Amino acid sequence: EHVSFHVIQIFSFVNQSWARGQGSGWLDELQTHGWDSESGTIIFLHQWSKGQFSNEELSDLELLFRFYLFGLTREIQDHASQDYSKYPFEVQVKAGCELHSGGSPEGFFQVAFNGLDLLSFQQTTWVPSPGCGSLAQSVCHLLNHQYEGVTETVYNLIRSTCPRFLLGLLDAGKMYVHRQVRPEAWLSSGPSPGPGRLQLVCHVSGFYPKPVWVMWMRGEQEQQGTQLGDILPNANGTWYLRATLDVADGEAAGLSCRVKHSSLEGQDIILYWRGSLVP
């Protein structure tokens, strides 16, 4: 019952002149917003992506994002052109908010330097990451002293603007966020894990929401030997999942893949292994 909304930013500082930035907005795992870096604008990936915010409010958000990009790049490049051997380097920012069951908002703002935790914004104070100290401590000191309104703006964004915008987004996109897409399931014979051995593969593709149960079983006995893969993304917000099992040939008859998913409405998906048994 928990939902989040995130804005992620990825900055690559290549030299004291070049630096490229990317940004996107994400409701849970569905991307809802992109960022056009040439125009410096929000890209609304869905009809409901404006989330019951006015065009004035959103153009002002774009204004603030543009100014924040400008100043962030300016100050970082100012510090780095004095350590040019440090180029290239990457900065990642994950801001946003999580709506907890009962309606409790927890905002968060986290920054990584070169894929390592640099610092976070806990409650109302910048906190450096334990480890990666000197640079963290420095940046955290600068943020907690020189950069005035930056801190208050961050707090109000992740604690007030973010949850309001999030609930507006869920209200506007109620038909897409709560959709149910029935998966397609098929069977295959993977690579022989040995002579006599036999690799049964069960594919389940095209399902939303992401939670899914896939299991090889004989009757009710779930085979403890099933190897479940990762849930991988398809385009257009559906998911794919492979579950395999290697058995002895001749003992493969009677095995069956079983798939449970909310979209099924109870009637689970069952696919028996046929092999060369069906004329």
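All residue numbers refer to positions in the sequence shown, first residue = 1.
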| property | result |
| --- | --- |
| Residue range whose averaged C-alpha B-factor is higher in the record, 18-26 or 262-270 | 262-270 |
| Selected stretch [higher average CA B-factor]: 143-151 or 183-191 | 143-151 |
| Options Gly71, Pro163, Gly206, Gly196 - largest CA temperature factor per the record | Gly196 |
| Identity of residue with top Cα B-factor, from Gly115, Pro88, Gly96, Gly102 | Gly102 |
| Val278 CA temperature factor, ranked by third within the chain | highest |
| Relative C-alpha B-factor of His46, binned into the chain's lowest, middle or highest third | lowest |
| Ranked against its chain, the third holding the CA B-factor of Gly237 | middle |
| Entry-reported Cα temperature factor of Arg218, expressed as the chain third it lands in | highest |
| Where the record places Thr226 (Cα B-factor, split into thirds across the chain) | highest |
